[PDB]
Amino acid sequence: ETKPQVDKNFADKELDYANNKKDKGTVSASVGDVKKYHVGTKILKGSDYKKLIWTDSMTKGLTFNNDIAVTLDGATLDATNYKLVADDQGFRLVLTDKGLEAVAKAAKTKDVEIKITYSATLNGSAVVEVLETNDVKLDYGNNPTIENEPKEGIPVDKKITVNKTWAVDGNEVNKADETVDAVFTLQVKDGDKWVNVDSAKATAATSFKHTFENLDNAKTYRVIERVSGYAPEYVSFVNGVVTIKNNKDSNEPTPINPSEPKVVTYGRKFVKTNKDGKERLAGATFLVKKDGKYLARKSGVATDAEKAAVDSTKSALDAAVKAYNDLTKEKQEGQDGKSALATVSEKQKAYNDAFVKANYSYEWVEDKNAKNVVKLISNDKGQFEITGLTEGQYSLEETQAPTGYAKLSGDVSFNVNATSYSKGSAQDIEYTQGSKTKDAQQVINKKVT
Ligand SMILES: [K+]
Ligand SMILES: [K+]
């Protein structure tokens, strides 16, 4: 029992080295919320490790905030003590010779604690009711090990292909029953920044290939591997192929792998209908409100192009909305209104899609006329919805009634909880007619008198 002890949790939850794989629960959050983490590593007296490597691999809905700070027995350990390879969904932190010696020197008289703190942002790629999580592991051992650097390159015919093999003690391994945790992240150079654009996982120690498609031949990319047990050797990047060999020494220890807390976000579906419920209504427009403030969106970590698509899709939506609003009432009540609203709902979908691709964050604003405020618009089946909200009570504030129907007499309260999106509430109706799944809150409209 000379092994390092490692635990990870949210910063506000105490570490427990003796119970480091306990259930750490699921917490509710809103998209845009920041979760703070700490990872502790206890190195026992007399340890002389020549390799200490922490890898955290996060799910797609968590953006790693690249804000690592490291301490050794409480005192700051600066960046001369480690080498960090960060991407938008995690990192690999490797102690340098200097860092390793500092740890060994400290440990010769007592147990020492390394603490690594950082945060992630819950982003707009999160899927309602589907758990998000980080995952840290510590690779360690007594032998100096060369750290190979990821290679950059370009696509060929809009493709980059990873060619992967596995070896133990220099002997190739092809074992479909041996689980591994390798993640291959494709990043693009965007200005002075590396931005994650795609990813692929290998789940067994088998010869493996994956082809990233739809790439830009004029742009520069890199593939970064996050993996434990094995370590990557970036052999070559030529002719649109990245060749990687994973190496492991059989005499080295298994990585330490603590459990992690989970993060989740929730939603609600609605259907706008007339009084008797037999007609579902398009064009009903709503703000989303929490404590008198209004839901709004901003881009997260994304490429310039992804952020620019938010603005161009918004312009198209605005134009479609104006085209409908400028129609006469008789045209709005007829075929030209229905087709115009169909176009609005198409542009609304594209705008929402662009914000999701830009990894959006929510914010709450006091001004309901802010350019970036969320407006939900009922489609031809009366449908609209909201996702990415922490559990609690909210309201819809109507900004436009469907043509020929009266303005609602007040705000429409709704509740978000662990199954509000998938199962809904007692008095719900069907989001899609004839589904036999009553999962949408009915919002009743009355005709103008
Ligand atoms: K873990
Ligand atoms: K229900």
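Residue numbers 192 to 640, in the entry's author numbering, belong to the letters of the sequence shown in order.
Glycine residues also receive a C-beta, built at the ideal position from the N, C-alpha and C atoms.
(request) Say whether the region 577-585 touches the region 601-608, bearing in mind that this needs 3 or more beta-carbon pairs closer than 8 Å, one atom from each stretch. (result) Output reads yes: the region 601-608 touches the region 577-585.
(message) Let me check understanding here. Comparing Cα to Cα, which of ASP502, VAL327, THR394, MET249 lies closest to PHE546?
(response) Comparing Cα-Cα distances from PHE546 to each of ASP502, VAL327, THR394, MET249, the minimum goes to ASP502.
(message) Spatial neighbours of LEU377 within its chain, please: C-beta separation below 7 Å, excluding the five flanking residues on both sides.
(response) Excluding residues within five positions, the ones whose Cβ falls inside 7 Å are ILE351, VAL388, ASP389, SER390, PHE403, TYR412, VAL414.
(request) Say yes only if the C-beta of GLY458 is nearer than 8 Å to one or more non-hydrogen atoms of ligand 2, and no if none qualify. (result) Ligand 2 never approaches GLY458 closely enough for any of its heavy atoms to be under 8 Å from the residue's Cβ.
(message) Can you confirm whether the region 379-387 touches the region 492-502 when touching is taken to mean that 3 or more C-beta pairs between the two stretches lie within less than 8 Å?
(response) The region 492-502 is in contact with the region 379-387.
(request) Indicate whether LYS627 and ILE447 have their beta-carbon atoms separated by less than 9 Å. (result) Taking 9 Å as the Cβ cut-off, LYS627 and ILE447 do not qualify as a contacting pair.
(message) If you reduce the DSSP assignment to three classes, tell me which class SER248 lands in.
(response) Three-state DSSP puts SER248 in a strand.
(message) As an exercise, report each continuous beta strand (DSSP E) stretch of at least 3 residues that is fully enclosed by the region 241-307, in chain order.
(response) For secondary structure counted as the beta strand (DSSP E) over 3 or more consecutive residues, the region 241-307 holds these complete runs in sequence order: 242-248, 253-255, 260-263, 273-278, 281-286.
(message) What does the alpha-carbon distance come out to for the pair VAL359 and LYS242?
(response) Straight-line Cα distance between these residues: approximately 17 Å.
(request) Taking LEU532 as part of the alpha helix (DSSP H), name the residues at either end of that continuous run. (result) Boundaries of the alpha helix (DSSP H) around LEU532: 526-548.
(request) Find out if the Cβ-Cβ distance for the pair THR217, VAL455 is shorter than 9 Å. (result) The answer is yes: Cβ separation under 9 Å.
(request) Determine, using beta-carbon pairs with one atom in the region 315-331 and one in the region 245-256, whether at least three such pairs fall under 8 Å. (result) By the Cβ rule, the region 315-331 counts as touching the region 245-256, because three or more pairs are nearer than 8 Å.
(request) Give a yes or no on whether the C-beta atoms belonging to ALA295 and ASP381 are separated by under 9 Å. (result) Their beta carbons are not under 9 Å apart, which means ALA295 does not touch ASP381 by this criterion.
(request) Decide if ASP517 is buried, meaning its Cβ has at least 16 other Cβ atoms within 10 Å, or exposed. (result) Classification for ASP517: exposed.
(message) Does the structure place the region 222-230 close enough to the region 199-214 that three or more beta carbon pairs sit under 8 Å?
(response) Using a Cβ-Cβ distance cut-off of 8 Å, the region 199-214 and the region 222-230 are in contact, since at least three pairs of beta carbons, one from each stretch, lie closer than that value.
(message) Using CA atoms only, rank isn't needed, just tell me which of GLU304, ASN257, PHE255 is closest to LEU206.
(response) Among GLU304, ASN257, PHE255, the Cα nearest to that of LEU206 belongs to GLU304.
(request) Count the C-beta pairs between the region 529-539 and the region 467-480 that are closer than 8 Å, then say yes if the count reaches three, no if not. (result) Yes, they touch.
(message) Let's see if you can read the secondary structure: which residues bound the beta strand (DSSP E) around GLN584?
(response) Under the DSSP assignment, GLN584 falls in the beta strand (DSSP E) whose first and last residues are 583-591.
(message) Which residue marks the beginning of the beta strand (DSSP E) containing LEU518, and which one marks its end?
(response) For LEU518, no beta strand (DSSP E) segment is defined, and its DSSP state is neither H nor E.
(message) Using only CA atoms, which one of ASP302, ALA270, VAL318, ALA297 lies nearest to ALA609?
(response) Among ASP302, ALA270, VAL318, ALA297, the Cα nearest to that of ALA609 belongs to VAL318.
(request) May I ask you to check if the CB of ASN210 is nearer than 8 Å to at least one heavy atom of ligand 1? (result) Flag unset: Cβ of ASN210 not near ligand 1.
(request) Give the single residue among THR394, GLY332, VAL426 whose Cα lies nearest to the Cα of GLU443. (result) Shortest Cα-Cα distance from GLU443 to any of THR394, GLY332, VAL426 involves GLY332.
(message) Whole angstroms are fine: how far does the CA of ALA531 sit from the CA of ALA514?
(response) Looking at the backbone, the Cα of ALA514 and that of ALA531 are separated by about 7 Å.
(request) Starting from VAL327, follow its DSSP beta bridges and name the residues at the other end. (result) As a beta-bridge residue in DSSP terms, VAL327 pairs with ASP247.
(request) Decide if the region 305-314 is in contact with the region 256-266; the criterion is three or more beta carbon pairs, one per stretch, under 8 Å apart. (result) Yes: at least three Cβ pairs fall under 8 Å.
(request) Let me know the secondary structure DSSP gives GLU451 once reduced to three states. (result) Per DSSP, reduced to three states, the secondary structure at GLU451 is coil, with no helix or strand assignment.
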